[PDB]
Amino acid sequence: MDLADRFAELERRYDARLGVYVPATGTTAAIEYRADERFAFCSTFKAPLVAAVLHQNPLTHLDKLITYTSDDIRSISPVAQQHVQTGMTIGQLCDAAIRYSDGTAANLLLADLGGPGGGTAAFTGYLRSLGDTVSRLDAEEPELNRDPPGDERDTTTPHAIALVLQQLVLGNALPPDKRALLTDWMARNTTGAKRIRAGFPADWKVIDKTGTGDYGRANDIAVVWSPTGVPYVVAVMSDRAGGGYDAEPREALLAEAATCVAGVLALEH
């Protein structure tokens, strides 16, 4: 019938709750589905986290060596694990955070930004400094993926998180040379092949940061570009709460919502 119905069926079939938001542009109307509902951040916080660590520091600070230990690694840490003995720079952690969704890298970035103990407060402040008065991070990795459904802790809304990304990539919340670094890591993202990239024809360019956690949490946030360069911002958010703490996340849901979006954004009827 019409787009809210399409999205309703996706939920019925995946046994999942769906949050979608795309801002309006010059020519397009905004797509919103549970866009003002709270959805677990999961690893999607790492994108704006890196903006904060970039905005609040000179480019020179990316070459600062952070030494950590296996004592630190308490979450999925593809890259951190490899560099535990030589230590990683802040550029290298920013990289790990975005491209491999690295949890330990996001944990050290949180500490660099606002101290041990103050890290997540400091992150939510960056959001606040961008007019986001809804989102909040109350815990580091891995605990931030583990709050029950209902719990406002460690959540954001699609409305909220999309607008934060629009600003970072398409607006002026970073100077170009810092902004370009964020985009290049989002564009070299290894973990998002099967979500919003897969709902969007290959001649459209995509940068994203995925998120996954308990209760079937799967999130992707992205900035796409038409073949002529016309940008749009996509946030898709999901949980499959019915199956409990260990419920299966459905990457195919996010490819499917990205397809409805792509379908609205691309067809000129």
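In this text, residue numbers run from 1 along the sequence as written.
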- [ ] Compare the mean C-alpha B-factor of 80 to 88 with that of 161 to 169 as given in the PDB entry, and name the stretch with the higher value.
- [x] 80 to 88
Task: Average Cα temperature factor in the PDB entry - higher stretch of 129 to 137, 145 to 153 - done: 145 to 153
- [ ] Tell me which of 237, 66, 230, 202 tops the list for C-alpha B factor in the record.
- [x] 237
Open item on the list: Quick check on the deposited entry: does the C-alpha B-factor of residue 123 sit in the lowest, middle or highest third of its chain?
Closed with: lowest
Open item on the list: Quick check on the deposited entry: does the C-alpha B-factor of residue 9 sit in the lowest, middle or highest third of its chain?
Closed with: lowest
Open item on the list: Looking at the temperature factor on the CA atom of residue 31, which third of the chain's modelled residues does it land in?
Closed with: highest
Task: residue 247 - which third its CA temperature factor falls in, relative to the rest of the chain - done: highest
Task: Assigned third (lowest, middle, highest) for the C-alpha B factor of residue 187 - done: middle
